[PDB]
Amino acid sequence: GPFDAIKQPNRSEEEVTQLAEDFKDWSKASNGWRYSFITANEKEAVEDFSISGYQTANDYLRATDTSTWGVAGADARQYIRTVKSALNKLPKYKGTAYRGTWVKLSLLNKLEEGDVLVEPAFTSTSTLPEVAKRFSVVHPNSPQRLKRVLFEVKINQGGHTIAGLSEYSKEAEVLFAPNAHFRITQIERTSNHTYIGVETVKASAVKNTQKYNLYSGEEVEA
């Protein structure tokens, strides 16, 4: 049953909450020597990323022209740099994670196994499909048709757990720095939903395939 971990009914609140707490505990217990260099500003930035910080950071990273942001752009650049610095001091996660989002139908209709998807913003994922699906429920106004997409992400690089610092949100969250690349390993289009299996890949390792910007739908040059 491909993607049944996503499709199937959700586990109970008790189980999902316990799994998220275990993941937070594991994250803290996995802090390494690099964590001893984390700063107060980095902790403040990561701790509030999931509730509000990601909204501004990801808009800046998706902006067509950042000179239009004025003074807020300087703040956004500082925040992005701080979160990226913090991430490299936090434990890696490898294994499977999940991401719910909305993607342009016009891009989805082009996608094949082996294509590479590039996320210009930070990429937020959860180890829990229940949490990922929560971000597939509504979208803001769009003149282009958007479709619900549930990603099953095989992570072998790039992902770091922020769950140890996210005291105020128990989402079992694994975060990627901006511009993360994901190679499609399987696609299913069924009952108006789209399920995509992807594997993390290093940008410099991507060769002789087609890259697409996941947000804009535009081709990304080799």
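When you see a residue number, it is the position in the sequence shown, counting from 1.
Asker: Please establish whether a third or more of the other compared PDB entries omit coordinates for residue 44.
Answerer: In none of the comparable entries (those modelling both sides of it) is residue 44 left without coordinates.
Asker: Between us, would residue 167 come up missing in a third or more of the other compared entries?
Answerer: Other entries vs residue 167: at least a third skip it.
Asker: Tell me which stretch has the larger mean Cα B-factor in this entry, 123-131 or 136-144.
Answerer: Mean CA B-factor is higher for 136-144.
Asker: Using only C-alpha atoms and the B-factors in the entry, which stretch averages higher, 194-202 or 20-28?
Answerer: Taking the mean B-factor of the alpha carbons in each, 20-28 is higher.
Asker: Say you rank 153, 175, 184, 38 by Cα B-factor from the PDB entry; which sits at the top?
Answerer: The C-alpha B-factor peaks, among 153, 175, 184, 38, at 38.
Asker: Highest Cα B-factor in the PDB entry belongs to which of 64, 157, 161, 58?
Answerer: Max CA B-factor in the entry, restricted to 64, 157, 161, 58: 64.
Asker: Going by the entry, which third of its chain does the Cα temperature factor of residue 105 land in?
Answerer: Its C-alpha B-factor belongs to the highest third of this chain's values.
Asker: Per the entry's values, where does residue 82 land by CA temperature factor relative to the rest of its chain, in the lowest, middle or highest third?
Answerer: For residue 82, whose C-alpha B-factor we compare with every modelled residue in the chain, the answer is the middle third.
Asker: When the modelled residues of the chain are sorted by Cα temperature factor, does residue 51 land in the lowest, middle or highest third?
Answerer: Its C-alpha B-factor, which the entry lists for residue 51, ranks in the highest third among residues of this chain.
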